[PDB]
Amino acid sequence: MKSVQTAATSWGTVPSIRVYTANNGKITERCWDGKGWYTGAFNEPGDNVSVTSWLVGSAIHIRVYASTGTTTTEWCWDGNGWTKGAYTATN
């Protein structure tokens, strides 16, 4: 057994918070935006996770780097669902 691994990001004034947790090979997402926490749409395989986000005006963009073994898959939020990104690692 082992500890889960998390990554977090935030934006805005309230603020909006996203916390990604890698738990036994699966990454899920929890969301805060002023009231209580709730579960987000992100759900992808991964043993390790990192995240970064940026704003274009008021629109949030999120990149989640999910790693299983030596394979890191980037997942992209740009307002309309999660999609796989072009990220590949060195060599």
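So that there is no doubt, residue numbering starts at 1 and follows the sequence shown.
Colleague: Which has the higher mean CA temperature factor in the PDB entry, 51 to 59 or 37 to 45?
Modeller: In the deposited entry, the stretch with the higher C-alpha B-factor mean is 51 to 59.
Colleague: Which one of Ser10, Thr21, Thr83, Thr13 shows the biggest C-alpha B-factor in the PDB entry?
Modeller: Across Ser10, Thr21, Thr83, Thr13, the entry lists the biggest C-alpha B-factor for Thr13.
Colleague: Sorting the chain's modelled residues by C-alpha B-factor, tell me whether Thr88 ends up in the lowest, middle or highest third.
Modeller: According to the entry, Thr88 has a C-alpha B-factor in the chain's middle third.
Colleague: Hey, what third does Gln5 fall into on Cα B-factor, ranked over its chain?
Modeller: Middle third by C-alpha B-factor.
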